[PDB]
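Residue numbers (this note's numbering): 75 to 181.
Where is the CB? At the ideal position from N, CA and C, for every residue including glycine.
The next block holds one structure in the form of structure tokens; read it before the comments.
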């Protein structure tokens with residue numbers, strides 16, 4: 075599967091901060107073209123890592139608390155999270171190979 079979860083403000087702690095492995099948080103909304111453009115690539119990353127990466131989609135229209143907590147200033151914003159801590163963030167769309175390399179770089 076693509077290891078992609080719809081996460082809410084109420085489930086973020088369990089689903090992301092208390093996740094095992096590496097989490098790729100995807101802050102998105104239906105009005106965001108670039109977000110939709112990178113969606114297939116994100117799912118492909120989830121498939122390719124075979125459960126070692128969880129893609130946690132956070133719709134920012136429905137879930138205002140989490141993007142506020144993480145100082146999301148525009149979308150797309152992606153975050154790599156492990157052990158409840160942010161490793162890095164990216165703003166804006168990127169090609170699949172660059173997204174994959176970024177995930178790999180977390181080790």
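- CA-to-CA, the gap between residue 162 and residue 173 works out to about 12 Å.
- The beta-bridge partner set that DSSP reports for residue 140 is empty.
- Taking residue 83 as reference, the option from 175, 99, 77 and 159 with the minimal CA-CA separation is 99.
- Out of 116, 154 and 138, the CA that lies nearest to the CA of residue 181 is found in 154.
- Here the alpha carbons of residue 167 and residue 111 stand approximately 8 Å from one another.
- Assigned with DSSP and collapsed to three states, residue 116 falls in helix.
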